[PDB]
Structures are given as structure tokens and as C-alpha cells.
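Asks: Structure for this input, please:
(one chain, ligands or ions: 2)
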Amino acid sequence: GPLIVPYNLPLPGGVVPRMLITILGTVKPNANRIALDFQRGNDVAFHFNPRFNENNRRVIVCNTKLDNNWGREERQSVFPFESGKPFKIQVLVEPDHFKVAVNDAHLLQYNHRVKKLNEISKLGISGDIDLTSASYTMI
Ligand SMILES: OC[C@H]1O[C@@H]([Se][C@@H]2O[C@H](CO)[C@H](O)[C@H](O)[C@H]2O)[C@H](O)[C@@H](O)[C@H]1O
Ligand SMILES: [Cl-]
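Replies: Residues are numbered from 1 along each chain as shown. Ligands and ions are numbered 1, 2, ... in the order given. Shown next is the protein structure:
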């Protein structure tokens, strides 16, 4: 069944438009956080961070970390995750943005702040999940 969390998925030669990343898992009961970290070495090109309790609200925080400094957050109040339930996250790399769908519904787009797509060569998956599968394909 499981993969180990935190999990590091290599993206050989980085990301490219038409690359589809699929993450299957189950949110733990009483989850606090999920994080996907697309990394360019020490930098986080794209941090996708559902928070289950931020001041008693559920919010998705997206950001970029450059030279160990976080940038301007992009916050999404649409929250498709539920504690205890199975999910599917799909991240489709497009020319201008990452497109995220959860459970086959469009959730958000994140404009590319890191422009060297071919150097975004690691996805880190962490937080309060049982991880089932993490894979990529070209569509
Ligand atoms: O932006 C994304 C980052 O956010 C920080 Se928390 C962050 O702290 C800021 C003050 O340093 C502001 O309060 C932001 O609102 C808060 O989300 C998290 O510790 C980090 O893991 C990451 O998710
Ligand atoms: Cl760059």
C-alpha cells in the first residue's frame, strides 16, 4: 500500500509543458497541513500548502522561496480536501503556469516565478497524508 512521507519524487531534467503529475493519497483524520514543494536546488519554485486550521479557517497557501526568503503568498479559500478522505492531486505544467486539479475539479493556477523549468528537478510531498502513489506522464 503506502509510500513513506515525506517523499521525494525526482523530475529528471526538470518540468516541461504537457508534464502531468498525479498524487493519490488519504488525508489523515485531524490533519493540520499538506505540502507539495517543487524544488530548484534549495529554492522552492512552487509551494502548494493546504492548511486545515489557520485561525479556524481552511485555506490553500501558494508561494515561492528564493535564497531562503518566501515571496508574496497567493491564497485560495476554495478547499476541496476533507480529513479522513481519499484525494487525487493533479499538477499539469503549462507554458505560463502550474495548473492544479483536485478530484478531477480545477482548483487554481500559479504563474511561473522561477523561469528555469528544466532545473525544477525534485517534488517533495509532506504533511498529514497516507501517500498511495506519486507519478508523472506526458500528455
Ligand atoms: O508563505 C508560505 C510559507 O508560510 C510560512 Se507561515 C507565514 O508567515 C508569514 C510571517 O512570516 C505570514 O504570517 C504569513 O501569513 C504566513 O502564512 C510557513 O511556515 C512555511 O512553511 C510556508 O508555508
Ligand atoms: Cl529562474
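
Asks: Helix, strand, or coil at the closest residue to residue 127 other than its chain neighbours?
Replies: Leaving aside its sequence neighbours, residue 127 sits nearest to residue 34 (Cβ to Cβ, 6 or more residues apart in numbering; 4.1 Å). Backbone N, C-alpha and C define where each C-beta goes, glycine included. Classification of residue 34 using DSSP: H, G, I helix; E, B strand; the rest coil returns strand.

Asks: shouldn't residue 34 be in contact with residue 50?
Replies: Yes: between residue 34 and residue 50 there is a contact under Cβ atoms under 8 Å: 4.5 Å.

Asks: circling back: what's near enough to touch the residue nearest to residue 127?
Replies: 27, 48-50, 81, 126-129 (Cβ atoms under 8 Å, 6 or more residues apart in numbering).

Asks: Just the ones of those in helices?
Replies: Per DSSP state H, helices hold no members of the contacts of residue 34.

Asks: ChimeraX command for the buried members of those residues?
Replies: Here is the ChimeraX selection string for the buried members of these, based on 16 or more other Cβ atoms under 10 Å:
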select :27,48,49,50,81,126,127,128,129
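
Asks: Go back to the contacts of residue 34 and keep what's next to ligand 2.
Replies: With Cβ under 5 Å from the ion as the criterion, the contacts of residue 34 include none near ligand 2.

Asks: Distance check, residue 34 against residue 12.
Replies: Look at residue 34 and residue 12: by Cβ to Cβ, to the nearest Å, they are 24 Å apart.

Asks: do the same with residue 65
Replies: 22 Å.

Asks: who has more neighbours, the two?
Replies: residue 65 (18 against 6; other Cβ atoms under 10 Å).

Asks: would you say the more buried one is within a helix?
Replies: No: residue state for residue 65 (three-state DSSP) corresponds to strand; a helix is not indicated.

Asks: about what we covered before: with distance to ligand 1 added, can I get the contacts of residue 34 in a markdown table?
Replies: Output for the contacts of residue 34, formatted as a markdown table (distance: Cβ to the nearest ligand atom, whole Å):
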| residue | distance to ligand 1 |
| --- | --- |
| 27 | 17 |
| 48 | 10 |
| 49 | 4 |
| 50 | 10 |
| 81 | 16 |
| 126 | 10 |
| 127 | 10 |
| 128 | 14 |
| 129 | 16 |
